[PDB]
Amino acid sequence: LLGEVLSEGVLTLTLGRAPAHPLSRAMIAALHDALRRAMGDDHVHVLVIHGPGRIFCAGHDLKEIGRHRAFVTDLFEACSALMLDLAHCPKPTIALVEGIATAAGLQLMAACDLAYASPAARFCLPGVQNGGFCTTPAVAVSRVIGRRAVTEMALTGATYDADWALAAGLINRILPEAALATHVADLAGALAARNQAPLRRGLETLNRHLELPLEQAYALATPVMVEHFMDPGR
Amino acid sequence: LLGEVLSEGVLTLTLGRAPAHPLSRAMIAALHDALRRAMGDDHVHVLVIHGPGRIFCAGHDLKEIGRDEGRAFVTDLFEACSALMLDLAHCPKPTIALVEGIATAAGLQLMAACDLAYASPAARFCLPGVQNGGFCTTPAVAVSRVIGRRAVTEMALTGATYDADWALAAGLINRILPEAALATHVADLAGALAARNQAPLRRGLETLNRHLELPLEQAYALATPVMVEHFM
Amino acid sequence: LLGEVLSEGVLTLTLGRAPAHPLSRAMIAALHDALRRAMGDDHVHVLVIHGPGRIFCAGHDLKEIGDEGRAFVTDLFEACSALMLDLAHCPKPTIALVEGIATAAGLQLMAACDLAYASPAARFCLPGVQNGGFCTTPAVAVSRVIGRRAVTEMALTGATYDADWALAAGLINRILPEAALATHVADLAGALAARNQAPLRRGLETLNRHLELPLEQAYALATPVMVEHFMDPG
């Protein structure tokens, strides 16, 4: 269950299944279908992922399949395929967080390019308390915060506030909850209003070079910089 | 020497040779020997490294009075040090550093190689390599994986001493806790970590360490079957 | 124009063409020539890149030679990248002295230095998207200096950020009062110049090399270098 609304190039993905907004197998498929269509639609310029209320996203719902593995293997491989596609998405992805982002719910947020929270927003990786470990969510989280920060979240399973998240680089800015909706809408709207071709090529190049050494990064980046200056929309 | 006490899965390694706790060839061998025994013992779940007093660890015993005008000894010492620190960082079991004072050179490295680190306000951090006419190359390795590029470069080049507040911002330490509550928080946290389900904890930490050294797609290829193993 | 004054092993490179200090084809060639010399002169121990005034560096000179201008722009960016890579890998310590606004390729120049000090007035920006483009090459040096989300927000929004944000993001090492900054940089640079130079240069290039390698390979590289320090006369 997903709500989709397009307004001036901005596509807002409003996560259903209130209040926990769980990443069930059907939710992951719905989120991936919405993304495959968005990346192929010229009308969609920017993506906004909103999990409304008290909980941004609780992660996968602890549902029961017990016959024979095959379900959990399908679940995680599809979840990883979504998170990969979302982080490597050429078009800007923004997460609007008003509450708690836990487990795979923190991953969804961490996989977005930008993340804006209200002061009441809490962040967690609770695996150790449930007799597990958040291996897959720590992949996307480890890319946005320092090695000490992710190690403490994963090992202790504690809930962290918005202030710690701002200082760690988990979110971009903390805004009062009445201003959060407008801030994201204006920021996304302005992003949608710029010359698109250099934006997508620029974001794609940025993601690719962060996994390359300095020398190869400049080899990739330089011709991409020439192309921006040769663009008719400059 | 190296005092080692075990509780409910919490092995606390107390550094000897007070007050500076120098990382001598003997100390390096003792720390590596203690780590080896701890990794193959089911009863040891979490490791707590502690250097009590005003100094956490001075890093490398200045007994470089060696023979190869010191060369063979110096090569042996640094290879054994890198072998210990590499195995400490890549330890499947959680390692915590309890800091009450000054962590210098290889001592700051020892702290950096740990999965977690907790300090008191009086705790100081430094890479003094330039003062003696050298450079903290090996200690800079573990420190560079824990703090930002500009931060490592400043510690290394200036050789200055930094306080606890700077170390928290740079991500060198996890949290600052008062002297009266430090030794209890680390013990409580270590106990909490030792009481959790052990198999998915070690398999998850082992995976976090190696996926951090991989590109996104490859990290997701290694992590997904491990995440399946957790739930089973 | 580029002014250079050597004193106590510290070569302060003062950017000319005030107030903007544009990184024109001439300025890039002058900065590269000033870098090649010094790198080959034992008398130069520490480098200081200065850009006096309200502006540190505006970035590239916005003059487009319009058949196309492609075979000029390609030569500009290639040479810009050749300088920034050379500057980042330079074994001799490089320090930026920022007191004003460092924007576009000007922020790149700053980010490529080993250390950077600023006054509380100093501003930082990547305005690419405002002019219908994207700061792709400047983002390369900046992304090796600040975290994932901080660089993503700078490039996508194009907004300007203050010194406090730069300190927190790690873009600059320390904020100093306006009437103390120049002397703090001169006292620090002088202290590095008086240090035993061989292990300093050897240790700096090794640090930059191992940060692009996994842990095991990082130690295989670093360990013999540490043995070389202890065998050096000093």
# chains A, B, ... in the order shown; residues from 1 in each chain; ligands from 1
>>> interface_residues(of="chain A", to="chain B", cutoff="10 Å", atoms="only C-alpha atoms", output="ChimeraX atom specification")
/A:69-81,83-85,87-88,127-140,142-143,145-152,154-157,167-168,207-208,210-212
>>> write_last_selection(atoms="N, CA and C atoms", output="short mmCIF file (atom, residue, chain, number, x, y, z; two decimals), in the first residue's frame")
data_model
loop_
_atom_site.label_atom_id
_atom_site.label_comp_id
_atom_site.auth_asym_id
_atom_site.auth_seq_id
_atom_site.Cartn_x
_atom_site.Cartn_y
_atom_site.Cartn_z
N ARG A 69 12.90 -20.41 5.22
CA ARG A 69 14.10 -19.88 4.59
C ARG A 69 13.80 -19.17 3.28
N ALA A 70 13.13 -19.87 2.36
CA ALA A 70 12.79 -19.35 1.02
C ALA A 70 12.07 -18.00 1.01
N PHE A 71 11.27 -17.75 2.03
CA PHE A 71 10.54 -16.49 2.17
C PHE A 71 11.45 -15.37 2.66
N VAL A 72 12.25 -15.66 3.68
CA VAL A 72 13.17 -14.67 4.24
C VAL A 72 14.30 -14.32 3.25
N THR A 73 14.67 -15.29 2.41
CA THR A 73 15.69 -15.12 1.38
C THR A 73 15.15 -14.23 0.25
N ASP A 74 13.87 -14.41 -0.08
CA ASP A 74 13.20 -13.62 -1.11
C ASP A 74 12.99 -12.19 -0.61
N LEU A 75 12.61 -12.08 0.67
CA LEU A 75 12.35 -10.81 1.35
C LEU A 75 13.56 -9.89 1.37
N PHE A 76 14.68 -10.40 1.91
CA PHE A 76 15.92 -9.64 2.01
C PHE A 76 16.61 -9.30 0.69
N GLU A 77 16.58 -10.23 -0.28
CA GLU A 77 17.18 -10.01 -1.61
C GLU A 77 16.41 -8.93 -2.38
N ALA A 78 15.09 -8.88 -2.15
CA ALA A 78 14.23 -7.89 -2.79
C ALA A 78 14.37 -6.55 -2.08
N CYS A 79 14.62 -6.61 -0.77
CA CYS A 79 14.80 -5.40 0.04
C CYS A 79 16.12 -4.75 -0.33
N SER A 80 17.16 -5.57 -0.53
CA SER A 80 18.49 -5.10 -0.91
C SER A 80 18.49 -4.53 -2.32
N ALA A 81 17.69 -5.13 -3.20
CA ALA A 81 17.57 -4.68 -4.59
C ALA A 81 16.90 -3.30 -4.68
N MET A 83 16.86 -0.99 -2.05
CA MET A 83 17.79 -0.07 -1.39
C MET A 83 18.99 0.32 -2.24
N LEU A 84 19.41 -0.60 -3.11
CA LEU A 84 20.53 -0.39 -4.03
C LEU A 84 20.08 0.61 -5.09
N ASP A 85 18.98 0.28 -5.77
CA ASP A 85 18.35 1.09 -6.82
C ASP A 85 18.00 2.52 -6.36
N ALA A 87 19.53 4.19 -3.72
CA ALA A 87 20.75 4.93 -3.40
C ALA A 87 21.49 5.32 -4.68
N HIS A 88 21.40 4.46 -5.70
CA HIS A 88 22.04 4.69 -7.00
C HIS A 88 21.10 5.39 -8.01
N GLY A 127 18.29 -4.84 16.49
CA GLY A 127 18.53 -6.27 16.33
C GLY A 127 19.02 -7.12 17.49
N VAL A 128 20.02 -6.61 18.21
CA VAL A 128 20.61 -7.31 19.36
C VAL A 128 19.63 -7.64 20.50
N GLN A 129 18.61 -6.80 20.63
CA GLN A 129 17.57 -6.95 21.65
C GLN A 129 16.56 -8.04 21.28
N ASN A 130 16.47 -8.33 19.98
CA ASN A 130 15.55 -9.35 19.46
C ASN A 130 16.25 -10.66 19.11
N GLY A 131 17.54 -10.74 19.43
CA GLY A 131 18.31 -11.94 19.15
C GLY A 131 18.82 -12.02 17.73
N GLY A 132 19.15 -10.86 17.17
CA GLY A 132 19.67 -10.76 15.81
C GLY A 132 20.75 -9.70 15.74
N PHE A 133 20.80 -9.01 14.60
CA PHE A 133 21.75 -7.94 14.32
C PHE A 133 21.25 -7.31 13.03
N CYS A 134 21.33 -5.99 12.94
CA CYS A 134 20.87 -5.30 11.72
C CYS A 134 21.96 -5.19 10.67
N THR A 135 22.26 -6.33 10.05
CA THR A 135 23.30 -6.42 9.02
C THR A 135 22.98 -5.61 7.77
N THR A 136 21.84 -5.88 7.14
CA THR A 136 21.47 -5.14 5.93
C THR A 136 21.21 -3.65 6.20
N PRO A 137 20.51 -3.28 7.32
CA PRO A 137 20.32 -1.84 7.52
C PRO A 137 21.60 -1.08 7.83
N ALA A 138 22.59 -1.77 8.41
CA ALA A 138 23.87 -1.14 8.74
C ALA A 138 24.74 -0.84 7.51
N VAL A 139 24.37 -1.43 6.36
CA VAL A 139 25.07 -1.20 5.09
C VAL A 139 24.82 0.24 4.63
N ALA A 140 23.55 0.63 4.54
CA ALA A 140 23.18 1.98 4.12
C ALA A 140 23.53 3.02 5.18
N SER A 142 26.03 2.80 7.45
CA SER A 142 27.49 2.93 7.49
C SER A 142 28.05 3.86 6.42
N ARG A 143 27.23 4.19 5.43
CA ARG A 143 27.64 5.09 4.37
C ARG A 143 27.35 6.55 4.69
N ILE A 145 27.17 7.80 8.27
CA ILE A 145 27.72 8.21 9.58
C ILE A 145 29.08 7.53 9.78
N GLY A 146 29.87 8.03 10.72
CA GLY A 146 31.20 7.50 11.01
C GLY A 146 31.24 6.08 11.53
N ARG A 147 32.41 5.44 11.46
CA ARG A 147 32.60 4.06 11.91
C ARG A 147 32.27 3.81 13.39
N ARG A 148 32.48 4.81 14.24
CA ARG A 148 32.19 4.68 15.67
C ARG A 148 30.69 4.76 15.93
N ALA A 149 30.04 5.64 15.18
CA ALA A 149 28.61 5.87 15.29
C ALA A 149 27.76 4.65 14.93
N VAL A 150 28.04 4.03 13.77
CA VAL A 150 27.31 2.83 13.32
C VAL A 150 27.58 1.63 14.20
N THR A 151 28.81 1.53 14.70
CA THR A 151 29.21 0.43 15.56
C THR A 151 28.48 0.51 16.90
N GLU A 152 28.24 1.72 17.41
CA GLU A 152 27.53 1.86 18.67
C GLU A 152 26.04 1.58 18.51
N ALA A 154 24.52 -0.40 16.17
CA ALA A 154 24.37 -1.82 15.90
C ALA A 154 24.62 -2.72 17.11
N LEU A 155 25.65 -2.40 17.90
CA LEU A 155 25.99 -3.19 19.08
C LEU A 155 25.09 -2.98 20.31
N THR A 156 24.74 -1.73 20.62
CA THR A 156 23.89 -1.44 21.78
C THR A 156 22.38 -1.48 21.54
N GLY A 157 21.96 -1.22 20.30
CA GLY A 157 20.55 -1.22 19.94
C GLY A 157 19.70 -0.10 20.53
N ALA A 167 24.35 15.77 14.26
CA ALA A 167 25.78 15.82 14.51
C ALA A 167 26.55 14.65 13.86
N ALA A 168 25.86 13.53 13.67
CA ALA A 168 26.48 12.34 13.08
C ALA A 168 26.41 12.30 11.55
N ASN A 207 28.02 9.69 -6.90
CA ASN A 207 27.85 8.39 -6.26
C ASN A 207 28.92 7.40 -6.72
N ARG A 208 29.20 7.42 -8.02
CA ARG A 208 30.19 6.54 -8.62
C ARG A 208 31.63 6.82 -8.19
N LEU A 210 32.73 8.20 -5.38
CA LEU A 210 32.93 8.04 -3.94
C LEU A 210 33.46 6.64 -3.60
N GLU A 211 33.42 5.75 -4.59
CA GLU A 211 33.89 4.36 -4.45
C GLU A 211 35.14 4.14 -5.29
N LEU A 212 35.70 5.24 -5.78
CA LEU A 212 36.91 5.20 -6.60
C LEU A 212 38.04 5.97 -5.92
#
>>> interface_residues(of="chain C", to="chain A", cutoff="10 Å", atoms="only C-alpha atoms", output="JSON list (two decimals) with N, CA, C and O atoms, in the first residue's frame")
[["chain", "number", "residue", "atom", "x", "y", "z"],
["C", 64, "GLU", "N", 33.21, 32.38, -21.63],
["C", 64, "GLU", "CA", 33.10, 31.26, -22.57],
["C", 64, "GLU", "C", 33.44, 31.75, -23.98],
["C", 64, "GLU", "O", 32.82, 32.69, -24.49],
["C", 68, "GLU", "N", 31.93, 26.18, -30.73],
["C", 68, "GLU", "CA", 31.46, 25.60, -29.46],
["C", 68, "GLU", "C", 32.12, 26.12, -28.18],
["C", 68, "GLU", "O", 31.44, 26.61, -27.28],
["C", 69, "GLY", "N", 33.44, 26.00, -28.13],
["C", 69, "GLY", "CA", 34.20, 26.39, -26.95],
["C", 69, "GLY", "C", 34.60, 25.13, -26.20],
["C", 69, "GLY", "O", 35.31, 25.19, -25.19],
["C", 70, "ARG", "N", 34.16, 23.98, -26.74],
["C", 70, "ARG", "CA", 34.43, 22.65, -26.19],
["C", 70, "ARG", "C", 35.93, 22.40, -26.06],
["C", 70, "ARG", "O", 36.41, 22.04, -24.99],
["C", 71, "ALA", "N", 36.67, 22.66, -27.14],
["C", 71, "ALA", "CA", 38.11, 22.48, -27.18],
["C", 71, "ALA", "C", 38.81, 23.74, -26.64],
["C", 71, "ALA", "O", 39.50, 24.46, -27.38],
["C", 72, "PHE", "N", 38.55, 24.01, -25.36],
["C", 72, "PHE", "CA", 39.08, 25.11, -24.56],
["C", 72, "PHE", "C", 38.69, 24.75, -23.13],
["C", 72, "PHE", "O", 39.51, 24.82, -22.21],
["C", 73, "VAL", "N", 37.40, 24.45, -22.98],
["C", 73, "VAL", "CA", 36.76, 24.05, -21.74],
["C", 73, "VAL", "C", 37.32, 22.68, -21.30],
["C", 73, "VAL", "O", 37.55, 22.46, -20.10],
["C", 74, "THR", "N", 37.62, 21.83, -22.28],
["C", 74, "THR", "CA", 38.21, 20.50, -22.04],
["C", 74, "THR", "C", 39.64, 20.67, -21.52],
["C", 74, "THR", "O", 40.03, 20.03, -20.55],
["C", 75, "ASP", "N", 40.36, 21.63, -22.11],
["C", 75, "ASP", "CA", 41.73, 21.96, -21.74],
["C", 75, "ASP", "C", 41.77, 22.65, -20.36],
["C", 75, "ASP", "O", 42.74, 22.49, -19.61],
["C", 76, "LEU", "N", 40.72, 23.41, -20.04],
["C", 76, "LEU", "CA", 40.61, 24.12, -18.76],
["C", 76, "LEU", "C", 40.39, 23.16, -17.60],
["C", 76, "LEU", "O", 41.14, 23.18, -16.62],
["C", 77, "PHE", "N", 39.39, 22.30, -17.73],
["C", 77, "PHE", "CA", 39.05, 21.35, -16.69],
["C", 77, "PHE", "C", 40.08, 20.26, -16.47],
["C", 77, "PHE", "O", 40.34, 19.89, -15.33],
["C", 78, "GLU", "N", 40.74, 19.83, -17.56],
["C", 78, "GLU", "CA", 41.79, 18.80, -17.52],
["C", 78, "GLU", "C", 42.99, 19.32, -16.73],
["C", 78, "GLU", "O", 43.54, 18.62, -15.88],
["C", 79, "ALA", "N", 43.34, 20.58, -17.00],
["C", 79, "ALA", "CA", 44.44, 21.27, -16.33],
["C", 79, "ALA", "C", 44.09, 21.63, -14.90],
["C", 79, "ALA", "O", 44.97, 21.70, -14.03],
["C", 80, "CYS", "N", 42.80, 21.89, -14.65],
["C", 80, "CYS", "CA", 42.31, 22.21, -13.31],
["C", 80, "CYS", "C", 42.43, 20.94, -12.46],
["C", 80, "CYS", "O", 43.01, 20.97, -11.37],
["C", 81, "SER", "N", 41.98, 19.81, -13.03],
["C", 81, "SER", "CA", 42.03, 18.50, -12.39],
["C", 81, "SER", "C", 43.46, 18.02, -12.19],
["C", 81, "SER", "O", 43.75, 17.38, -11.18],
["C", 82, "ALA", "N", 44.34, 18.37, -13.13],
["C", 82, "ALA", "CA", 45.76, 18.00, -13.03],
["C", 82, "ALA", "C", 46.41, 18.73, -11.86],
["C", 82, "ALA", "O", 47.22, 18.15, -11.16],
["C", 84, "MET", "N", 44.65, 20.04, -9.08],
["C", 84, "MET", "CA", 43.99, 19.63, -7.84],
["C", 84, "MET", "C", 44.43, 18.27, -7.33],
["C", 84, "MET", "O", 44.56, 18.09, -6.11],
["C", 85, "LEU", "N", 44.75, 17.37, -8.26],
["C", 85, "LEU", "CA", 45.22, 16.02, -7.95],
["C", 85, "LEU", "C", 46.65, 16.13, -7.42],
["C", 85, "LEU", "O", 46.97, 15.61, -6.34],
["C", 86, "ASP", "N", 47.47, 16.92, -8.14],
["C", 86, "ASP", "CA", 48.87, 17.18, -7.81],
["C", 86, "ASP", "C", 48.97, 17.83, -6.43],
["C", 86, "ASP", "O", 49.84, 17.47, -5.64],
["C", 88, "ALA", "N", 46.65, 17.63, -3.95],
["C", 88, "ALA", "CA", 46.19, 16.68, -2.94],
["C", 88, "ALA", "C", 47.23, 15.62, -2.61],
["C", 88, "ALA", "O", 47.37, 15.24, -1.45],
["C", 89, "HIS", "N", 48.00, 15.20, -3.62],
["C", 89, "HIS", "CA", 49.03, 14.18, -3.46],
["C", 89, "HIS", "C", 50.42, 14.71, -3.12],
["C", 89, "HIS", "O", 51.35, 13.92, -2.90],
["C", 128, "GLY", "N", 26.77, 25.46, -8.49],
["C", 128, "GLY", "CA", 26.51, 24.84, -9.79],
["C", 128, "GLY", "C", 25.10, 24.87, -10.35],
["C", 128, "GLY", "O", 24.86, 25.44, -11.42],
["C", 129, "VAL", "N", 24.16, 24.36, -9.55],
["C", 129, "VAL", "CA", 22.75, 24.30, -9.91],
["C", 129, "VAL", "C", 22.03, 25.64, -10.10],
["C", 129, "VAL", "O", 20.94, 25.68, -10.69],
["C", 130, "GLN", "N", 22.64, 26.74, -9.62],
["C", 130, "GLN", "CA", 22.06, 28.09, -9.76],
["C", 130, "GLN", "C", 22.29, 28.61, -11.17],
["C", 130, "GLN", "O", 21.48, 29.38, -11.70],
["C", 131, "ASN", "N", 23.38, 28.16, -11.78],
["C", 131, "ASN", "CA", 23.74, 28.58, -13.13],
["C", 131, "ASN", "C", 23.42, 27.51, -14.16],
["C", 131, "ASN", "O", 24.01, 27.47, -15.25],
["C", 132, "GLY", "N", 22.49, 26.62, -13.80],
["C", 132, "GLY", "CA", 22.05, 25.54, -14.68],
["C", 132, "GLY", "C", 23.02, 24.41, -14.95],
["C", 132, "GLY", "O", 22.91, 23.73, -15.96],
["C", 133, "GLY", "N", 23.98, 24.22, -14.04],
["C", 133, "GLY", "CA", 24.97, 23.17, -14.19],
["C", 133, "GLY", "C", 25.07, 22.32, -12.94],
["C", 133, "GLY", "O", 24.06, 22.04, -12.30],
["C", 134, "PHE", "N", 26.29, 21.90, -12.62],
["C", 134, "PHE", "CA", 26.59, 21.08, -11.45],
["C", 134, "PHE", "C", 28.09, 21.08, -11.16],
["C", 134, "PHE", "O", 28.92, 20.79, -12.03],
["C", 135, "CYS", "N", 28.42, 21.31, -9.90],
["C", 135, "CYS", "CA", 29.79, 21.35, -9.46],
["C", 135, "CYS", "C", 30.41, 19.97, -9.26],
["C", 135, "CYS", "O", 30.95, 19.67, -8.20],
["C", 136, "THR", "N", 30.50, 19.24, -10.37],
["C", 136, "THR", "CA", 31.04, 17.90, -10.41],
["C", 136, "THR", "C", 32.52, 17.73, -10.02],
["C", 136, "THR", "O", 32.82, 16.92, -9.14],
["C", 137, "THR", "N", 33.45, 18.47, -10.64],
["C", 137, "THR", "CA", 34.87, 18.35, -10.23],
["C", 137, "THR", "C", 35.12, 18.95, -8.84],
["C", 137, "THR", "O", 35.94, 18.41, -8.10],
["C", 138, "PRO", "N", 34.44, 20.07, -8.46],
["C", 138, "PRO", "CA", 34.67, 20.60, -7.11],
["C", 138, "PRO", "C", 34.19, 19.64, -6.04],
["C", 138, "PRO", "O", 34.84, 19.49, -5.00],
["C", 139, "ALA", "N", 33.11, 18.92, -6.34],
["C", 139, "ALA", "CA", 32.53, 17.96, -5.40],
["C", 139, "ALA", "C", 33.46, 16.77, -5.10],
["C", 139, "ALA", "O", 33.36, 16.19, -4.02],
["C", 140, "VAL", "N", 34.40, 16.47, -6.01],
["C", 140, "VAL", "CA", 35.37, 15.39, -5.82],
["C", 140, "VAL", "C", 36.29, 15.64, -4.61],
["C", 140, "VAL", "O", 36.42, 14.77, -3.75],
["C", 141, "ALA", "N", 36.89, 16.83, -4.54],
["C", 141, "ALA", "CA", 37.78, 17.17, -3.42],
["C", 141, "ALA", "C", 36.99, 17.37, -2.14],
["C", 141, "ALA", "O", 37.42, 16.93, -1.07],
["C", 143, "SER", "N", 34.15, 15.92, -1.30],
["C", 143, "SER", "CA", 33.64, 14.63, -0.83],
["C", 143, "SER", "C", 34.67, 13.77, -0.12],
["C", 143, "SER", "O", 34.33, 12.71, 0.42],
["C", 144, "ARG", "N", 35.94, 14.17, -0.20],
["C", 144, "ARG", "CA", 37.01, 13.44, 0.47],
["C", 144, "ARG", "C", 37.30, 14.14, 1.79],
["C", 144, "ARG", "O", 38.05, 13.63, 2.63],
["C", 146, "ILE", "N", 34.37, 16.03, 3.51],
["C", 146, "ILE", "CA", 33.16, 15.97, 4.34],
["C", 146, "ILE", "C", 32.36, 14.71, 4.06],
["C", 146, "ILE", "O", 32.56, 14.04, 3.03],
["C", 147, "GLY", "N", 31.44, 14.39, 4.98],
["C", 147, "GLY", "CA", 30.59, 13.21, 4.85],
["C", 147, "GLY", "C", 29.61, 13.25, 3.68],
["C", 147, "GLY", "O", 29.33, 14.32, 3.13],
["C", 148, "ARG", "N", 29.11, 12.07, 3.35],
["C", 148, "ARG", "CA", 28.17, 11.81, 2.26],
["C", 148, "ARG", "C", 26.99, 12.79, 2.13],
["C", 148, "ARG", "O", 26.82, 13.40, 1.07],
["C", 149, "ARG", "N", 26.23, 12.97, 3.21],
["C", 149, "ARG", "CA", 25.07, 13.86, 3.20],
["C", 149, "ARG", "C", 25.38, 15.34, 3.14],
["C", 149, "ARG", "O", 24.60, 16.11, 2.59],
["C", 150, "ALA", "N", 26.52, 15.72, 3.70],
["C", 150, "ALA", "CA", 26.96, 17.12, 3.71],
["C", 150, "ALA", "C", 27.33, 17.58, 2.31],
["C", 150, "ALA", "O", 26.90, 18.66, 1.89],
["C", 151, "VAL", "N", 28.06, 16.73, 1.56],
["C", 151, "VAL", "CA", 28.45, 17.06, 0.18],
["C", 151, "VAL", "C", 27.26, 17.02, -0.79],
["C", 151, "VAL", "O", 27.15, 17.88, -1.67],
["C", 152, "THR", "N", 26.33, 16.07, -0.54],
["C", 152, "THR", "CA", 25.12, 15.90, -1.35],
["C", 152, "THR", "C", 24.22, 17.12, -1.22],
["C", 152, "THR", "O", 23.74, 17.64, -2.22],
["C", 153, "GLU", "N", 24.09, 17.64, 0.01],
["C", 153, "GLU", "CA", 23.26, 18.82, 0.24],
["C", 153, "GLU", "C", 23.86, 20.08, -0.39],
["C", 153, "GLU", "O", 23.13, 20.86, -1.00],
["C", 155, "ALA", "N", 25.89, 20.35, -3.11],
["C", 155, "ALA", "CA", 25.77, 20.27, -4.56],
["C", 155, "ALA", "C", 24.35, 20.36, -5.12],
["C", 155, "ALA", "O", 24.13, 21.04, -6.13],
["C", 156, "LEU", "N", 23.40, 19.70, -4.46],
["C", 156, "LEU", "CA", 21.99, 19.70, -4.89],
["C", 156, "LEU", "C", 21.23, 21.00, -4.62],
["C", 156, "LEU", "O", 20.41, 21.41, -5.44],
["C", 157, "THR", "N", 21.49, 21.64, -3.49],
["C", 157, "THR", "CA", 20.81, 22.89, -3.14],
["C", 157, "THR", "C", 21.55, 24.11, -3.67],
["C", 157, "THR", "O", 20.93, 25.07, -4.14],
["C", 158, "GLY", "N", 22.88, 24.08, -3.56],
["C", 158, "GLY", "CA", 23.71, 25.18, -4.02],
["C", 158, "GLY", "C", 23.76, 26.34, -3.05],
["C", 158, "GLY", "O", 24.36, 27.38, -3.34],
["C", 168, "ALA", "N", 31.88, 21.86, 11.79],
["C", 168, "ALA", "CA", 31.12, 20.66, 12.17],
["C", 168, "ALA", "C", 31.15, 19.57, 11.08],
["C", 168, "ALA", "O", 31.21, 18.37, 11.39],
["C", 169, "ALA", "N", 31.18, 20.00, 9.81],
["C", 169, "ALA", "CA", 31.24, 19.08, 8.67],
["C", 169, "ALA", "C", 32.67, 18.60, 8.44],
["C", 169, "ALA", "O", 32.89, 17.57, 7.80],
["C", 208, "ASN", "N", 47.89, 9.47, 2.60],
["C", 208, "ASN", "CA", 46.99, 9.70, 1.46],
["C", 208, "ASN", "C", 46.84, 8.45, 0.58],
["C", 208, "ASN", "O", 45.79, 8.25, -0.04],
["C", 209, "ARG", "N", 47.86, 7.60, 0.58],
["C", 209, "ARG", "CA", 47.84, 6.36, -0.18],
["C", 209, "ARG", "C", 47.05, 5.25, 0.51],
["C", 209, "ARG", "O", 46.24, 4.57, -0.13],
["C", 211, "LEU", "N", 44.63, 5.50, 2.76],
["C", 211, "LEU", "CA", 43.23, 5.87, 2.95],
["C", 211, "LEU", "C", 42.34, 5.41, 1.78],
["C", 211, "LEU", "O", 41.12, 5.42, 1.88],
["C", 212, "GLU", "N", 42.98, 4.98, 0.68],
["C", 212, "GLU", "CA", 42.31, 4.49, -0.52],
["C", 212, "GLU", "C", 42.50, 2.97, -0.64],
["C", 212, "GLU", "O", 42.29, 2.39, -1.71],
["C", 213, "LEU", "N", 42.92, 2.35, 0.47],
["C", 213, "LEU", "CA", 43.17, 0.90, 0.53],
["C", 213, "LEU", "C", 42.45, 0.21, 1.70],
["C", 213, "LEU", "O", 42.04, 0.88, 2.65]]
>>> closest_atom_pairs(of="chain C", to="chain B", cutoff="6 Å", atoms="only C-alpha atoms", output="JSON lines")
{"residue": "C:145", "atom": "CA", "partner": "B:149", "partner_atom": "CA", "distance": 5.9}
{"residue": "C:196", "atom": "CA", "partner": "B:133", "partner_atom": "CA", "distance": 4.9}
{"residue": "C:199", "atom": "CA", "partner": "B:134", "partner_atom": "CA", "distance": 5.4}
{"residue": "C:203", "atom": "CA", "partner": "B:137", "partner_atom": "CA", "distance": 5.8}
{"residue": "C:214", "atom": "CA", "partner": "B:213", "partner_atom": "CA", "distance": 5.7}
{"residue": "C:222", "atom": "CA", "partner": "B:138", "partner_atom": "CA", "distance": 5.8}
{"residue": "C:226", "atom": "CA", "partner": "B:137", "partner_atom": "CA", "distance": 5.7}
{"residue": "C:227", "atom": "CA", "partner": "B:75", "partner_atom": "CA", "distance": 5.9}
{"residue": "C:229", "atom": "CA", "partner": "B:134", "partner_atom": "CA", "distance": 5.3}
{"residue": "C:234", "atom": "CA", "partner": "B:133", "partner_atom": "CA", "distance": 5.0}
>>> select_by_dssp(residues="range 6-212 of chain B", states="strand (DSSP E or B)", output="NGL selection string")
:B and (6 or 10-15 or 46-50 or 55-57 or 95-99 or 102-104 or 116-119 or 124-126 or 161-162 or 175-176)
>>> atom_distance(atom1="CA of residue 61 in chain C", atom2="CA of residue 23 in chain C")
5.9 Å
>>> residues_around(residues="residue 45 in chain B", least_positions_apart="6", cutoff="7 Å", atoms="only C-alpha atoms", output="PyMOL selection string")
chain B and resi 9-10+93+194
>>> closest_atom_pairs(of="range 61-107 of chain C", to="range 179-184 of chain C", cutoff="12 Å", atoms="only C-alpha atoms", output="CSV")
residue,atom,partner,partner_atom,distance
C:95,CA,C:182,CA,11.5
C:96,CA,C:182,CA,10.7
C:97,CA,C:182,CA,7.5
C:98,CA,C:181,CA,9.0
C:99,CA,C:181,CA,8.4
>>> atom_distance(atom1="CA of residue 155 in chain B", atom2="CA of residue 178 in chain C")
23.4 Å
>>> closest_residue(among="B:84, B:34, B:177, B:127", to="residue 99 in chain B", atoms="only C-alpha atoms")
B:177
>>> atom_distance(atom1="CA of residue 37 in chain A", atom2="CA of residue 52 in chain A")
22.6 Å
>>> select_by_dssp(residues="range 125-177 of chain B", states="helix (DSSP H, G or I)", output="NGL selection string")
:B and (137-144 or 149-158 or 164-170)
>>> closest_residue(among="A:126, A:53, A:40, A:59", to="residue 96 in chain A", atoms="only C-alpha atoms")
A:53
>>> residues_around(residues="residue 102 in chain B", least_positions_apart="3", cutoff="8 Å", atoms="only C-alpha atoms", output="list in words")
residues 54, 55, 56, 57, 58, 99, 123, 124, 125 and 126 of chain B
